[PDB]
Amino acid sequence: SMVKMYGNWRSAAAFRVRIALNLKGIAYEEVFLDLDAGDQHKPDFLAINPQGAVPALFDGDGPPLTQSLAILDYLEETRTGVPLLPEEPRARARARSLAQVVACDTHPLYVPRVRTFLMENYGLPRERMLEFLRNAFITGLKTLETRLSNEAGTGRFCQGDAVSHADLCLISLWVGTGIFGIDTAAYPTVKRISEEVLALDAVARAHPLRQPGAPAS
């Protein structure tokens, strides 16, 4: 009778879903887990989510929905009022391709499990592990800047003049440049669009720094 999300303040995947829920006007409650303190591995949570996935979304009766892109499409197909994809198939594919530059090629390389594995498996200090994270960000940001700057499809937003899944993924990476201290001077098109997206109430309300567990700044 109300959507329930299990999330985390910092998670880019949780942020994407949170934005979509807000943009579409879907009432929900979010439960915040500490992913650094191993809440995702606790048996009581595992009782409702065996593989421990965050974010996890419960939409009334049914098993939970996981994986941020799959969830975004689920919301698109079940709540159609404010569409977050265009209608034309090539435009949809481009928007999804841009989203996946982030959600497939970039973000999975900097999740907490990877950060901890690099340190624990190789004995790398945090300072050296972060070289992997920074490289992921920079590689992704370079691709997005080139594509957004040179391709005809870009408008006010990543694809045309309507917010799409591409923008939700883009802003989720952009906020990470703040959280993880990546220089963004070289990506002015990414900046312009990210600020355009961040100016929206639905996006700002969902910002990691406005969630429980966040640091001050």
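Start at 1 with the first residue shown and count on from there.
Enquirer: Mean Cα B factor from the PDB record: higher for 43-51, or higher for 59-67?
Expert: Higher mean C-alpha B-factor: 43-51.
Enquirer: Quick one: say whether 71-79 or 84-92 has the higher mean Cα B-factor in the deposited entry.
Expert: Stretch with the greater average CA B-factor: 84-92.
Enquirer: Can you tell me which of 157, 174, 28, 180 has the highest Cα temperature factor in the record?
Expert: Max CA B-factor in the entry, restricted to 157, 174, 28, 180: 28.
Enquirer: Could you place residue 5 in the lowest, middle or highest third of its chain by Cα temperature factor, using the values in the record?
Expert: Answer is lowest: the recorded C-alpha B-factor places it there.
Enquirer: Is the Cα B-factor recorded for residue 162 in the lowest, middle or highest third of its chain?
Expert: It belongs to the highest third of the chain when residues are ordered by C-alpha B-factor.
Enquirer: Going by the recorded CA B-factors, say which third of the chain residue 108 sits in, lowest, middle or highest.
Expert: Its C-alpha B-factor, which the entry lists for residue 108, ranks in the lowest third among residues of this chain.
Enquirer: Looking at the C-alpha B-factor of residue 190, is it in the lowest, middle or highest third of its chain?
Expert: Its C-alpha B-factor, which the entry lists for residue 190, ranks in the middle third among residues of this chain.
Enquirer: Ranking every modelled residue in this chain by its Cα temperature factor as given in the entry, which third contains residue 140?
Expert: Answer is middle: the recorded C-alpha B-factor places it there.
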